[PDB]
Structures are given as structure tokens and as C-alpha cells.
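Below is one structure; the comments refer to it alone.
Along the sequence shown, residues carry numbers from 1. Below, each value reflects all heavy atoms present in this structure, side chains not excepted, and no hydrogens, waters or symmetry copies. Each ligand, and each atom within it, is numbered from 1 in the order the structure gives.
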Amino acid sequence: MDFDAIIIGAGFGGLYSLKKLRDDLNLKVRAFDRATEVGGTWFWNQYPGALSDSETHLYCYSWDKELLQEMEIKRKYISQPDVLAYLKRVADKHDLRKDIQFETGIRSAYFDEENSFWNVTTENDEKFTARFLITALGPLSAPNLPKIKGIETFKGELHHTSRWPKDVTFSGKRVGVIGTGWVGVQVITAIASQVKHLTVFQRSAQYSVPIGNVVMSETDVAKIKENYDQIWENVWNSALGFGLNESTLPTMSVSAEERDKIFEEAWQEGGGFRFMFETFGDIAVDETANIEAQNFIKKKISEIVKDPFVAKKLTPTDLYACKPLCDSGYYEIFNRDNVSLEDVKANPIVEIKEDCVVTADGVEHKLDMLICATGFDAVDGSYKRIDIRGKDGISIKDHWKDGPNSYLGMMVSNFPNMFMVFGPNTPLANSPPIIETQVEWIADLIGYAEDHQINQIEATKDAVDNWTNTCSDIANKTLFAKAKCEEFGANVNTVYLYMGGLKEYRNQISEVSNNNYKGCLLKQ
Ligand SMILES: Cc1cc2nc3c(=O)[nH]c(=O)nc-3n(C[C@H](O)[C@H](O)[C@H](O)COP(=O)(O)OP(=O)(O)OC[C@H]3O[C@@H](n4cnc5c(N)ncnc54)[C@H](O)[C@@H]3O)c2cc1C
């Protein structure tokens, strides 16, 4: 056996997994990533305007109190270069890179039932054995594309936001962006003032609220650092872990004037989860409440965008649901003389040619640069790109052919000694706290197994199915089921997130570890 544990991924999840298993459990560990450096999604996504949804002081690890006191809190939210710099400092400080093998994709992982360990094979045909396999593959996968006809004929710059190259310049160029979601809102806002002309190809108009990303004073920062213990206690006692005052107030239980005041206060403070969950307690649950949130944003759109026909084209016709978006000046962009909005739901893209995007009306939109601002695949995307075989050689893709599943978001029946970080049916909450929660639970179970000579840990089918039912029962009280959210698993009816909150999740998994790991088979 080469290692006690093998870790796939060197983002937030894989890095803390390595720290806990190597330095706290004193195990022999190796992590692998295709990336050339740590950071995960913050290494891969380097597009213009990439920015956290979580406020800076909470989008980080909490377990190293020296790091908390040391860390840079430059603005209220944190840019992609600065998240990457942070994670590199973590790897510096805890000497992680010597046990990470970079530029190394994992092709397959086959469980050896005779030896109760995993046979792991890299894409360069290196074989490694390890008792435990930690799959820290992240909650999102890159989504490829149904090829637009003729895309291969385009002779200008063709950039995908999931593989954004260095050295891109914008001045003097006609630029187009396909995609107006999470990523597209950030890219469009960042580049509109830099290009000669911007054409935005909008397939679905989405809601977005201001992010309110401001510089943090030394005073601001000192008071956060003085109160950090209480700040994290509030995280662990919350549903979402975003530092919000999570509301229980029903939207329709106050007057129209008081409702507008509450929305306006959130709009001015900024933040997508703030607008959706600090204002009232039923926006994601009650359609009448949700329409109030919709209308507030639609009214802001009509006030910001002066041309009422442009404002109409930007105005959504859907539920205010899915992961809430925020922006640094998105609707304002459409007042610019050098910006054109194309509704490609009404006027679809039908072809790309050597110098243009062609819409169904026959119009050739001439471009020097075309940007595909893509969405993301759900969690199981990264898993079916690895040939993972468990008991009886059944693959993870086959085991999940009828929909992904898990016990607690961390274990899959028929896949012993494998632990997922951010696997299917993990809570919806701020990611670093979820990740620390899961990594610490896995390490407690693994350290337990080492102390009790147990060498095969497996969730039962009944435990997996009960968790699917638990998640289904919560998720179907909400509008997220009805809203068809790609990042929650609508393209895999079902929402593959535990939506009972971080505090309740930590109660659920602590009950399991406290009751002799019920739902798990512990074998010697
Ligand atoms: C632009 C953007 C902004 C975000 N902002 C927020 C935010 O504000 N708040 C929040 O809570 N979440 C946010 N997220 C969600 C984000 O996924 C998490 O916060 C967190 O970064 C996930 O870390 P991870 O280590 O779990 O996964 P990742 O960072 O995705 O790391 C997974 C790693 O696994 C590697 N890997 C996968 N398959 C293989 C293989 N076969 N072989 C080798 N390596 C492999 C990948 O290369 C990747 O580096 C954001 C995501 C994006 C894309």
C-alpha cells in the first residue's frame, strides 16, 4: 500500500483534506490535480470580473486562527486573483505542495475488495494504492457546449470563460458575449467600457442585485478580527453561513411601504443571498412573496435602464430563484452607446461564420472576439469523467445512471473507503464552512477506523435512500424545484442539495458519528 489516503483535487476541499489527514492524523497522503497550482476553481476560472459571492472575511478557512488574524481583507468581496493568492499562502504556510502532484489527472480508481484499498491510475499510467480515496472534485463542473453551427469557422478570438487565456486586450475590438448568467454578468460589466462595441447575446434574462463591493477600512478590518470568534459562531449557528441576519419575517406580513423599505435596505447594502434571505423568510418558498422580490428588481431595472425598450428586453419572466446573482454595475452597462442587447430567445443564433455571429433574422453581427460565458454542470459531472469502480466493478456513472445520490453528501453505497467533499446532496451554504464541516467529519471517521483496526467503511443503500428522501422532502417545500436551476442539478425535477441549512446539517451528521456511525458498515 503506497498511501493511507489519496486525494483528488487541490482546491479548498482537497487542501484541507490533505492538512487534516497528513498533519492531524499523521497519515501518509498524496493529492493529485490536473492544475499546475493549488486553488481549484480559483485557478481554472480567470475570466474578467471573477469575484466571490461570499464576503471576504467569511470566504476562507476558519480552522487556522493565525491565518485569520493575518489575512488580507482588501474589499468587502474577494477577487479571483486574491482568492488564488490566499490558497497559495495556505499551501505555503502548511507545507502542502510536497504532497501534491500537479499536472496529474486521475484516469481511474478501482476498489480492490480482496485488499480493501483503492487502485488509482493517473493519465500517465502511474499506479498508486491507498486505503482511502478522497474525491474533492468541487460542486460545479465545466459544461462543454452543444456546438453552434460553424463555430469552427470563426477566425477571430474565441474565448471560453472556463479557460480564459492570459494577455487578452479589448481596445478597438467588436466583442460579443454569449451568456448572461453568473459569469456573463461579471464579464459584461467588466469589459463593456473597454471594447469598441459590445454585443450581448441574451438567451434568458436573469435577476441581479448590486454586490456593493467597497474597500474595507483598517478600522473595519480590525473590528472584524477582534470579533472573529463570534463571527464564526454565527456562521455555525446559521443556515447559510454568509454572515446574514437570516430573516423569519413573512414577506406579505408587513405593509407595502415597509416591504419596499426592507428591500431597499438590502439593495443598498448589496449581496445576492442578502436580498433573498435577509429581507424576508419565505422568498424561496411562497410564490406570492417571490413575486414581491421579482417586482422590486424589475422596478430597479426600469429605473436604471433609461430606454424602456432595452429595459423590457432585460426584464425576466421567471421565478426569483436559483443561486442569486449580484453585479458591480450590470444594468447600467446597457445605457452605454457602445452596447447592443440581442434577445436570442426571440432571435436565435443560427450560425457562426469566419467574421460574425448570424441570428435567425439573417443579421451578421461582425465580431473581432467572441466570448462564451458558460454556466456549469452539476456535481456529478466531475465524477463521470473519472472511471471509478467499486464493489463488483460497477462504475460510478452506472451506479448514478438514475440520478446521483449519497449518504450525508460524503459517501456512496457500493464504494467503500471513498469519501466525497461536496458530493451530491451536500447543504446549500457558504462553501468553506461546508467543506471544513465535511473534511472534519471524514477525518474523525478515518481516525476512528485507524484506532479500531477497521479497514472497510461503507454506507448502506438504506442510509443513502433515507438521505435522498430527507433532501427531497425539504427541497420540494421550496420554489427551487419549480425553477429548474442548472447548478442545483435540474439537467441531470430533483434538487441535489440538502436545503435544511448548515446548522441542521451539522446536527444531522454529528448524530451519526455520535451513534456509532449508524447507516455505515464498519468492517475488519
Ligand atoms: C467563479 C466562482 C465563484 C464562486 N464564488 C463562491 C462564493 O462566493 N461562495 C461560495 O460559497 N462558493 C463559491 N463558489 C463555489 C466554489 O466551487 C466553492 O466555493 C469552492 O471553491 C469549491 O472548492 P473545492 O475544492 O470543493 O472544488 P474545486 O475548487 O472545484 O476543486 C476541484 C479540483 O479537482 C480537480 N480534479 C477534478 N477531477 C480531477 C481528476 N480526474 N484528476 C485530477 N484532478 C481532478 C480539478 O482540477 C479542480 O482543481 C464559486 C465558484 C466559482 C466558479
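Residue contacts with ligand 1: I8 is included, with a non-hydrogen atom under 4.0 Å away. Residue contacts with ligand 1: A50 is excluded, as none of its non-hydrogen atoms falls under 4.0 Å.
Here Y383 has no heavy atoms under 4.0 Å from ligand 1, in either its backbone or its side chain. Of the heavy atoms in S382, none comes closer than 4.0 Å to ligand 1. Contacts between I386 and ligand 1 below 4.0 angstrom, taking non-hydrogen atoms only, involve the side chain exclusively. Contacts between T104 and ligand 1 below 4.0 angstrom, taking non-hydrogen atoms only, involve the backbone exclusively. Proximity of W182 to ligand 1, defined as any heavy-atom pair under 4.0 Å, is confined to the side chain (atoms from C-beta onward).
Tested against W42, the residues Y86, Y59, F12 include a single ring-ring contact (aromatic ring centres under 6.0 Å, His included) partner, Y59.
Partners of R203 according to the salt bridge (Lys or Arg N to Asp or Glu O under 4.0 Å) rule, which considers only residues two or more places apart in sequence or in another chain, do not exist here.
Within the structure, the side-chain hydrogen bond (donor to acceptor under 3.5 Å, both in side chains) test picks out the following pairs touching residues 408-423 (sequence neighbours left out): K391-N414.
Protein heavy atom nearest atom 25 (O) of ligand 1, with residue, atom name and distance: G13 N, 2.8 Å. The protein non-hydrogen atom at the shortest distance from atom 31 (O) of ligand 1 is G40 CA, 3.7 Å. Looking only at protein heavy atoms, the nearest one to atom 15 (C) of ligand 1 is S431 OG, 4.0 Å.
Geometrically, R131 does not engage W118 in a cation-pi contact defined by less than 6.0 Å to the ring centre and at most 45° from the axis. Note that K503 lies outside the cation-pi zone of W236, set by a 6.0 Å cut-off to the ring centre and a 45° limit from the axis.
Relative ring orientation between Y320 and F275 is described as perpendicular, the plane-to-plane angle rising above 60° on a 0-90° scale split at 30° and 60°.
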